[PDB]
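Asker: One structure is given below, represented as structure tokens, and several questions about it will come after.
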Amino acid sequence: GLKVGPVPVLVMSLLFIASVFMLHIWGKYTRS
Amino acid sequence: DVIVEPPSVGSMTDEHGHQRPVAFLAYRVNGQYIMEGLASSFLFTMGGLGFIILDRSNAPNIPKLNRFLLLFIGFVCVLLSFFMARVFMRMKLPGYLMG
Amino acid sequence: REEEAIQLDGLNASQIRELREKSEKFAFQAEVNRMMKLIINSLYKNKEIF
Amino acid sequence: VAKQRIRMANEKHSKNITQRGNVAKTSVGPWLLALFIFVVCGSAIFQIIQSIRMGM
Amino acid sequence: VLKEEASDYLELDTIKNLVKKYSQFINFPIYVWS
Amino acid sequence: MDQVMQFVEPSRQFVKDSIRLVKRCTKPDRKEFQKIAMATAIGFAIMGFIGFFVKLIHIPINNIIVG
Amino acid sequence: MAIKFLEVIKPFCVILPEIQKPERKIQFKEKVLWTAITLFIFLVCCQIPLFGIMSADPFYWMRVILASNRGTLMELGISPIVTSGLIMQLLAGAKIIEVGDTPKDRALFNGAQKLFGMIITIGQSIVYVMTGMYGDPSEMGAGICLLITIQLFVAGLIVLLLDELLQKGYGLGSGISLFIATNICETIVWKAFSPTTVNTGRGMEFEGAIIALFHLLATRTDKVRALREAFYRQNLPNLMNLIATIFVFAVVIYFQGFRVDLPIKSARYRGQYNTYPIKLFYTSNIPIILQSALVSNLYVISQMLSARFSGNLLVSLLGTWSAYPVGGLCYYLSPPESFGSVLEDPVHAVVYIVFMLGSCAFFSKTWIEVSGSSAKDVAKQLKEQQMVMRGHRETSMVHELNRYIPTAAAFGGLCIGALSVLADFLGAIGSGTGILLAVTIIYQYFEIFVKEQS
């Protein structure tokens, strides 16, 4: 319930998008 | 595209078989698909605009919030546009910049 | 280049080629399948042939 | 209206002395309400069921 | 005299399935108890 | 069929009610209508293209991300 | 009862984060920018594919991504959130759920509905994994299934925050309304200009209608034959489909302006004149949503019932399934497939049209009472505002609104249905309901611009 500033929300959102790309690349490398 | 009339996307196969769509024409520099050419071209335009917006951001008498927000967009467009282009070529030619 | 040009009211040259390739290539894979079983099996263990 | 009710309500109000500052202040179609409920609930449940049906 | 593991073969459906699987091409008619 | 005849009398009256409501409500003028038309058209094109380009860029990326 | 629940849920509600209040009003250049960043991040996320998608034929999910949206991270999207909002409103209209007027109680109510939407997302995701639509759950493995569920759940949570930020005033308007509008407009542009070429058995053709016209004209020697094909090609998006769409926009703009305005004044201060507007489409798109939902719900029950009890006469009588109901009441409910079919069976066409208009009008009037927008609610709202009509007593005002509010709602339900039926016959791209949302949202943003220019 903590009050969060708008800019913090933006950075958290971007990290999630980046993580998904990392997971896919990691999936190919771990397979290979 | 008009003269050569290539397909938007081609097809490939493997031992597991089945028709993979293809976006990048591998191993021939002077050949392309419709989708691939437009995607690459957009990146080139975006990189140029990123500098211009950055230049406008430097003008005096801009609010604190406006100036910070404009700068973030300028760097994101420039960095992503340039970095992504290298990846596209690396896939098209596997030996690119490799020695 | 010409072997992949979209042909309205016609069948693209590349497409027909791919098609037959699937027929011939698929069948060839079946030969590997058959040999795989015969060798990799245990016949008498799975002796439903009795 | 019966006059006798004047005294009836007077004694009731007299009881309030014990119930201080806590006295009870007082003293949509049914068919339609049911109809809407299944429509809204049904849409969510049916959409889930339909998705499974479409895949199946 | 089947083994314990062979109980599935004793099944009426199983024997019929085996006849179709391997002996369907036998010239002589094959009868399964029913 | 009695209910249908009874319904007819309500059917006519509310039809009369609709006409009165139309008369009262403000009606957009031609000149202001043009201003709205340009405003919506510009917003429609500008917003739509953003979707168009982002979709186009993604398609090659999809190939790289998954074989 | 519900209030007793609210305290019980109160520990649960606290966990959910809330966006910060904007300290001061934001200038226009800043005002626009915050929305744009939100728009891009959502747009990119919608197309990102999922992980551990598995799939007989490998690369199946590969071909799927390049066509529709099926299988993407945002597949759940807005549907869970909206369902939570609608159900909560209905309960309040029923009065089964009681909401305190005080600000703290209302804030708890907003917390509860956000939490309820979160629950819906988890259930929907779990069902899909169990159903094995992506792939066999055993094949995926426990670790993969858990990760996939995690990916969707975060996707829902992020959407809630982005929508909240727009409401908070950092960005104009509400995030969800903009997002729904964005895809609808994107669909229109994509069909018109999409360059992808799809191979039909006879020949490959461009998806884009405008692109198709140019290519077809050059390739074919006979211009007249090519021209007819481009306009009236059934298989692929037609040139006519676009022209119908432009025509529909013109009608929506003209009607949308319609409203009735009632003079109002502030009691406290003299000389202050304000008007309270009641729009012609006062109900908005809600009536069509309810009517379509009922028809779909009936169709699913009727088709399912046929399979379980094919023999029963009753199931056949209401609908006969061939899935499209060939005959019966459900068949009458179904829209006519083509203009030629309508001529073939005029009685079927008339029944569907008459039912469509009637259903929307009736639903709109009934909806008002449960919605909470009835004249009785409106009058009380004004009293708290301390603003009253000029020249009339407080009690009289309620009667004055009742003169206009009921008639408008009934007409609005009929009008919205009329447009929806009109759109399909013309064949304009997109639903009529979608068209209203686009114009309405855009126009609201335009109004905000006018003050800024000053």
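Following the order of the structure tokens, chains are lettered A, B, ..., residues in each are numbered from 1, and ligands are numbered from 1.
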Residues of chain B were defined as contacting chain F if any atom lay at most 12 Å from it, counting only C-alpha atoms; please report them as a PyMOL selection string.
Answerer: chain B and resi 8-9+12-14+19-25+33-43+46+81+84-85+87-92
Asker: Residues within 8 Å of residue 259 in chain G, please, as a list in words. Count only C-alpha atoms; anything in the same chain fewer than 3 positions from it doesn't count.
Answerer: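 Everything that qualifies: residues 25, 26 and 27 of chain F; 277, 278, 279 and 280 of chain G.
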Asker: When you look at residue 13 in chain A with a cut-off of 12 Å (counting only C-alpha atoms), what residues show up, excluding the ones that are within fewer than 3 positions of it in the same chain? I need them as a PyMOL selection string.
Answerer: (chain A and resi 6-10+16-20) or (chain G and resi 37-38+40-42+44-45+154-162)
Asker: Given a cut-off of 9 Å, which residues of chain C touch chain G, counting only C-alpha atoms, written out as JSON, numbers by chain?
Answerer: {"C": [6, 7, 8, 9, 10, 11, 12]}
Asker: Using only C-alpha atoms, which residues of chain D come within 9 Å of chain G, and what is the closest atom pair for each, with the distance in Å to one decimal? Give it as a tab-separated table, sorted by chain and residue number.
Answerer:
residue	atom	partner	partner_atom	distance
D:28	CA	G:369	CA	7.0
D:32	CA	G:366	CA	8.0
D:33	CA	G:94	CA	7.0
D:36	CA	G:90	CA	8.4
D:37	CA	G:90	CA	8.2
D:38	CA	G:294	CA	8.9
D:39	CA	G:294	CA	5.9
D:40	CA	G:87	CA	6.9
D:41	CA	G:87	CA	8.0
D:42	CA	G:297	CA	6.4
D:43	CA	G:293	CA	5.9
D:44	CA	G:83	CA	7.4
D:46	CA	G:297	CA	6.4
D:47	CA	G:297	CA	8.6
D:48	CA	G:124	CA	7.3
D:49	CA	G:300	CA	8.8
D:50	CA	G:300	CA	7.6
D:51	CA	G:128	CA	8.6
D:52	CA	G:131	CA	6.8
D:55	CA	G:133	CA	6.2
D:56	CA	G:133	CA	8.1
Asker: Could those residues be written to a file, using N, CA and C atoms, as a short mmCIF file (atom, residue, chain, number, x, y, z; two decimals), in the first residue's frame?
Answerer:
data_model
loop_
_atom_site.label_atom_id
_atom_site.label_comp_id
_atom_site.auth_asym_id
_atom_site.auth_seq_id
_atom_site.Cartn_x
_atom_site.Cartn_y
_atom_site.Cartn_z
N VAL D 28 -36.18 -1.83 -7.86
CA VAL D 28 -35.50 -2.99 -8.43
C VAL D 28 -36.42 -4.20 -8.40
N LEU D 32 -35.98 -8.98 -12.46
CA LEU D 32 -34.91 -8.31 -13.19
C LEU D 32 -33.57 -8.51 -12.49
N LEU D 33 -33.56 -8.43 -11.16
CA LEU D 33 -32.30 -8.54 -10.43
C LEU D 33 -31.67 -9.91 -10.65
N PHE D 36 -30.27 -10.05 -14.41
CA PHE D 36 -28.98 -9.42 -14.66
C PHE D 36 -27.85 -10.27 -14.11
N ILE D 37 -28.06 -10.89 -12.95
CA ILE D 37 -26.97 -11.57 -12.26
C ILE D 37 -26.40 -12.68 -13.14
N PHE D 38 -27.27 -13.48 -13.76
CA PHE D 38 -26.75 -14.56 -14.59
C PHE D 38 -26.08 -14.01 -15.84
N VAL D 39 -26.55 -12.87 -16.33
CA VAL D 39 -25.97 -12.30 -17.55
C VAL D 39 -24.51 -11.89 -17.31
N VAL D 40 -24.25 -11.17 -16.22
CA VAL D 40 -22.88 -10.74 -15.93
C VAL D 40 -22.02 -11.92 -15.51
N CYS D 41 -22.52 -12.76 -14.60
CA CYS D 41 -21.75 -13.91 -14.17
C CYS D 41 -21.59 -14.89 -15.32
N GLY D 42 -22.65 -15.06 -16.09
CA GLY D 42 -22.63 -16.02 -17.18
C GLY D 42 -21.60 -15.66 -18.22
N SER D 43 -21.44 -14.37 -18.51
CA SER D 43 -20.49 -13.97 -19.54
C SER D 43 -19.08 -14.40 -19.18
N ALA D 44 -18.68 -14.17 -17.92
CA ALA D 44 -17.34 -14.54 -17.49
C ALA D 44 -17.14 -16.05 -17.51
N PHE D 46 -18.95 -18.37 -19.14
CA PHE D 46 -19.09 -18.89 -20.49
C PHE D 46 -17.88 -18.54 -21.34
N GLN D 47 -17.31 -17.36 -21.16
CA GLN D 47 -16.11 -17.02 -21.93
C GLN D 47 -14.98 -17.98 -21.61
N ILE D 48 -14.83 -18.34 -20.33
CA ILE D 48 -13.82 -19.32 -19.95
C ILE D 48 -14.12 -20.67 -20.59
N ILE D 49 -15.38 -21.09 -20.52
CA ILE D 49 -15.75 -22.39 -21.08
C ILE D 49 -15.56 -22.40 -22.59
N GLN D 50 -15.92 -21.30 -23.24
CA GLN D 50 -15.82 -21.22 -24.70
C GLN D 50 -14.37 -21.30 -25.14
N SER D 51 -13.46 -20.67 -24.38
CA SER D 51 -12.05 -20.71 -24.75
C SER D 51 -11.54 -22.14 -24.74
N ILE D 52 -11.93 -22.92 -23.73
CA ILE D 52 -11.54 -24.33 -23.68
C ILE D 52 -12.17 -25.09 -24.84
N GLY D 55 -10.26 -24.28 -28.16
CA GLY D 55 -9.02 -25.04 -28.23
C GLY D 55 -9.26 -26.52 -28.46
N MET D 56 -10.32 -27.05 -27.86
CA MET D 56 -10.64 -28.47 -27.95
C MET D 56 -11.34 -28.78 -29.27
#
Asker: Rounded to one decimal place, report the CA of residue 68 in chain G-CA of residue 431 in chain G distance in Å.
Answerer: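 Pair CA of residue 68 in chain G / CA of residue 431 in chain G returns 17.7 Å.
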Asker: Counting only C-alpha atoms, what are the residues of chain G within 9 Å of chain F, and for each of them which pair of atoms is the nearest and at what distance in Å, to one decimal? Sort the table by chain and rising number, as a Markdown table.
Answerer:
| residue | atom | partner | partner_atom | distance |
| --- | --- | --- | --- | --- |
| G:40 | CA | F:50 | CA | 8.2 |
| G:43 | CA | F:51 | CA | 7.1 |
| G:44 | CA | F:54 | CA | 6.8 |
| G:47 | CA | F:58 | CA | 7.1 |
| G:48 | CA | F:58 | CA | 7.9 |
| G:49 | CA | F:62 | CA | 7.6 |
| G:59 | CA | F:67 | CA | 8.0 |
| G:62 | CA | F:66 | CA | 7.4 |
| G:65 | CA | F:62 | CA | 7.8 |
| G:66 | CA | F:59 | CA | 6.4 |
| G:182 | CA | F:48 | CA | 6.8 |
| G:183 | CA | F:51 | CA | 7.3 |
| G:184 | CA | F:48 | CA | 8.5 |
| G:185 | CA | F:48 | CA | 5.2 |
| G:186 | CA | F:48 | CA | 4.7 |
| G:187 | CA | F:48 | CA | 8.2 |
| G:188 | CA | F:48 | CA | 8.0 |
| G:189 | CA | F:48 | CA | 6.3 |
| G:190 | CA | F:52 | CA | 6.1 |
| G:193 | CA | F:52 | CA | 8.8 |
| G:194 | CA | F:52 | CA | 8.4 |
| G:250 | CA | F:37 | CA | 7.9 |
| G:253 | CA | F:37 | CA | 7.6 |
| G:254 | CA | F:28 | CA | 6.7 |
| G:255 | CA | F:28 | CA | 8.3 |
| G:256 | CA | F:28 | CA | 8.9 |
| G:257 | CA | F:28 | CA | 5.8 |
| G:258 | CA | F:27 | CA | 5.6 |
| G:259 | CA | F:25 | CA | 5.0 |
| G:260 | CA | F:25 | CA | 4.3 |
| G:261 | CA | F:25 | CA | 7.4 |
| G:279 | CA | F:25 | CA | 8.7 |
| G:280 | CA | F:25 | CA | 8.0 |
| G:404 | CA | F:21 | CA | 7.3 |
| G:407 | CA | F:18 | CA | 6.6 |
| G:408 | CA | F:21 | CA | 7.3 |
| G:410 | CA | F:18 | CA | 8.9 |
| G:411 | CA | F:18 | CA | 6.8 |
| G:438 | CA | F:44 | CA | 8.1 |
| G:439 | CA | F:40 | CA | 6.7 |
| G:442 | CA | F:40 | CA | 6.3 |
| G:443 | CA | F:40 | CA | 6.9 |
| G:446 | CA | F:39 | CA | 7.1 |
Asker: Using DSSP on the backbone, list every residue of chain E that comes out as helix (DSSP H, G or I), and give them as a PyMOL selection string.
Answerer: chain E and resi 4-10+12-22
Asker: If you keep C-alpha atoms, can you produce a file of those selected residues as a short mmCIF file (atom, residue, chain, number, x, y, z; two decimals), in the first residue's frame?
Answerer:
data_model
loop_
_atom_site.label_atom_id
_atom_site.label_comp_id
_atom_site.auth_asym_id
_atom_site.auth_seq_id
_atom_site.Cartn_x
_atom_site.Cartn_y
_atom_site.Cartn_z
CA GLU E 4 1.19 -63.25 -14.11
CA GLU E 5 2.44 -60.45 -16.36
CA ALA E 6 0.43 -61.91 -19.27
CA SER E 7 -3.01 -61.26 -17.76
CA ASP E 8 -3.58 -58.44 -20.26
CA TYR E 9 -3.20 -60.94 -23.11
CA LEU E 10 -5.99 -63.03 -21.57
CA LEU E 12 -10.82 -60.75 -24.97
CA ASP E 13 -10.20 -57.32 -26.49
CA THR E 14 -6.42 -57.74 -26.27
CA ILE E 15 -6.37 -61.04 -28.15
CA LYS E 16 -8.63 -59.64 -30.87
CA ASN E 17 -6.39 -56.58 -31.20
CA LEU E 18 -3.35 -58.84 -31.56
CA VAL E 19 -5.12 -60.87 -34.26
CA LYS E 20 -5.86 -57.70 -36.21
CA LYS E 21 -2.36 -56.35 -35.57
CA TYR E 22 -0.43 -59.40 -36.77
#
Asker: Contacts of residue 349 in chain G at 12 Å or less, counting only C-alpha atoms, minus same-chain residues fewer than 3 places along, as a CSV table (one decimal) with C-alpha atoms, in the first residue's frame?
Answerer:
chain,number,residue,atom,x,y,z
G,331,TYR,CA,-31.4,-19.1,-35.4
G,332,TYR,CA,-33.7,-16.1,-35.5
G,333,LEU,CA,-31.4,-14.3,-33.0
G,334,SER,CA,-28.4,-15.0,-35.2
G,335,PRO,CA,-27.6,-12.0,-37.6
G,336,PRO,CA,-28.3,-12.6,-41.3
G,337,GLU,CA,-25.1,-13.8,-42.9
G,338,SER,CA,-25.5,-12.0,-46.2
G,339,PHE,CA,-27.8,-9.5,-48.0
G,340,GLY,CA,-28.9,-12.2,-50.4
G,341,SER,CA,-29.9,-14.5,-47.6
G,342,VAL,CA,-32.0,-11.7,-46.1
G,343,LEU,CA,-33.9,-11.4,-49.4
G,344,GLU,CA,-34.3,-15.2,-49.4
G,345,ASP,CA,-35.9,-15.3,-45.9
G,346,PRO,CA,-37.3,-11.8,-45.2
G,352,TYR,CA,-33.7,-10.2,-35.9
G,353,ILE,CA,-33.8,-6.5,-36.6
G,354,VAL,CA,-36.9,-5.9,-34.4
G,355,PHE,CA,-35.4,-7.9,-31.6
G,356,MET,CA,-32.1,-6.2,-31.7
G,421,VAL,CA,-26.9,-3.3,-37.0
G,425,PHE,CA,-24.6,-4.5,-43.4
Asker: Can you list every residue of chain A that has an atom at most 7 Å from chain G, with its nearest atom pair and the distance in Å to one decimal, using only C-alpha atoms, ordered by chain then number, as a Markdown table?
Answerer:
| residue | atom | partner | partner_atom | distance |
| --- | --- | --- | --- | --- |
| A:1 | CA | G:17 | CA | 4.0 |
| A:2 | CA | G:17 | CA | 5.4 |
| A:3 | CA | G:20 | CA | 5.2 |
| A:4 | CA | G:20 | CA | 5.1 |
| A:5 | CA | G:20 | CA | 5.0 |
| A:6 | CA | G:20 | CA | 6.7 |
| A:13 | CA | G:158 | CA | 6.8 |
| A:24 | CA | G:51 | CA | 6.5 |
